[PDB]
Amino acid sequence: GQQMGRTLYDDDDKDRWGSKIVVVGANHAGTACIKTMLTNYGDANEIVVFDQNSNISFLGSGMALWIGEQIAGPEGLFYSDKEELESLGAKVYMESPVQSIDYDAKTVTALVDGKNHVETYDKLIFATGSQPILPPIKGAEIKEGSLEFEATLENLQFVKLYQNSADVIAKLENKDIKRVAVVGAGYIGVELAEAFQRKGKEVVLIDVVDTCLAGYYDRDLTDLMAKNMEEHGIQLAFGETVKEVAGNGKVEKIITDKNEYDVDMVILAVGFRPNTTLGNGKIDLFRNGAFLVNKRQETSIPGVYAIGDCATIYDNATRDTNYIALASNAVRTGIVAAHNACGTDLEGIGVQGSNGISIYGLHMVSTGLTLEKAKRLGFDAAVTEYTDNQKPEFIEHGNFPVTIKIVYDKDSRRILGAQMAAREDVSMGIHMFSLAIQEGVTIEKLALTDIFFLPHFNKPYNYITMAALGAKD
C-alpha cells in the first residue's frame, strides 16, 4: 500500500503525439511503469497490458517471511491487481502470454483465451522479468508445458512465483516433511534456510561456492552470517556441487560432490535468466540476454523500452552497464520508461545495487563493490573498516556495536562500496553510501562530511567518520 498522484517529472503535454502503449509483464517493473504513465499522462495515452500469470503485482520478497511464519498470511504480498490497474485506465489481459512481436507492423500477438490476439502499438514496453535456472542435476527436470516451473519429482521446488510459495507452504503441512535442503547460498537461499528452520525443519544449505552472500559482503561478514545460520540449526555444505536429487516417487535424498543428505524436500535457489526471447534477435542484448538499454530505458529499437529484471541498468560503482535483479531497480526503471514513452525526456541515473538482509536478528546492508569484487574486477581497491558502539559508552540502554567497511579506490580515491552489520537496524545509514558512490564522493571528502552528533543517537566521532579518517594510502 503506497499510492500517490503525479510525479515531479510529469511534463505539460503539448505538441506531442498521443501513444498507444503496450506493456508486456505486470509485476514490480510493469506495475510501476503502468501506474506512472496513467497517473501522470492519463487519457493522453492508451495503455494495454499483458501478463501470462494468473496474478500480478506480487511481492516475491515476502515469500520467506510467509513461509517462516513471520507474517500472518499472503494478504499483504500484493500491491496492485487487475481491477486497480483498470481503475487507472489500463486495459489488462491476464493469463495472456505475448508470444511474438512484429517490430515492422508494430503489433504483438498474445494468446488470449486459447486464441491469437493481435494488438497494435506505437510504444512497446518489455517488463517480462526473468525465470529461474535449472542446473544440470540428475533427477531434476521441469514438467513440459507449465509456466509455473513445476518439477517432475514430487517435493523438488523452485521459488519465484506466488504459487510456488503457496505450493511449498502447503507441502510443509505434511508431517513427513522434516528435512529440507536449500540449494544456493545467495540472499534468497539464506532467507529460505531461515524460513524452513523457523518452521521446525532440519535444514542443510548447499552451494558450490565457499560461502554465503558471495559478491555482496566481504569474508568477515559472510562468515558472521554463516555462523549466524549454523548457531540456529542450519547445516552448511559449502564448496559442494549438487550431483543428483533421488527418491522413489518423491524427493528422498540429495547427493553432492562430497556427501549425501536425507531430505524430504529440495528448493533450488541458484539464479534466474531474463526473458528476452520476444526480441527475436531484433534487439541488442547484454552478455546474459538482458535487453540492452540506455539511461532512458530504451532498447536499440526506437519506441521499444525494457525495464526490470528483463533489462540492464547502469552501475555507478563499477561504472559500466550491468544487470542487477532487484525490485528496487524494477520500480525505478519502470518510472523512467513511463515518462520517456509518454513523451517526457527523463534520464535515469544508474544504481549501486544497494541491498539489505536480516536473518535471526543479524542485520546487514551493502551498496556498491565489496573489496573482493572490486579487486576481482581490476580495481586498485582498498578497504577501511571500523567496529565501535553506536552510542557513547555512558548510554545505559539500547547501545550496540556496528561494523562498517568502506571500500575505496586507492588511486582515484572514490568510494566503491560499503557494508554495515549490527544486531540492531542501522540500514538507513547505507543510503548515504549509495548516494556517495552515485555522486563519486571520495574517501577524503567523506571523512570531513557533516555527520551530526547527539549522544542519544551516536558518538562525536561516529564509526563512519572514524572509518574514513582511518583509511590509508
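Quick note: we count residues from 1 along the sequence shown, nothing fancier.
Stretch comparison (338 to 346 versus 305 to 313) by mean CA B-factor in the PDB entry places 338 to 346 on top.
Here 14 to 22 and 461 to 469 are compared by their mean Cα B-factor, and 14 to 22 comes out higher. Across 204, 112, 364, 369, the entry's maximum B-factor at the CA atom is seen for 112. Per the PDB record, 249 has a higher Cα B-factor than any other of 129, 97, 189, 249. In this PDB entry, residue 256 carries a Cα temperature factor that places it within the highest third of its chain's modelled residues.
Among the modelled residues of its chain, residue 403 has a C-alpha B-factor that falls in the lowest third, as given in the PDB entry.
Among all modelled residues in its chain, residue 386 ranks in the lowest third by Cα B-factor. Annotation for residue 244: C-alpha temperature factor in the highest third relative to the rest of the modelled chain, per the entry. The deposited CA B-factor of residue 275 belongs to the middle third of values across its chain.
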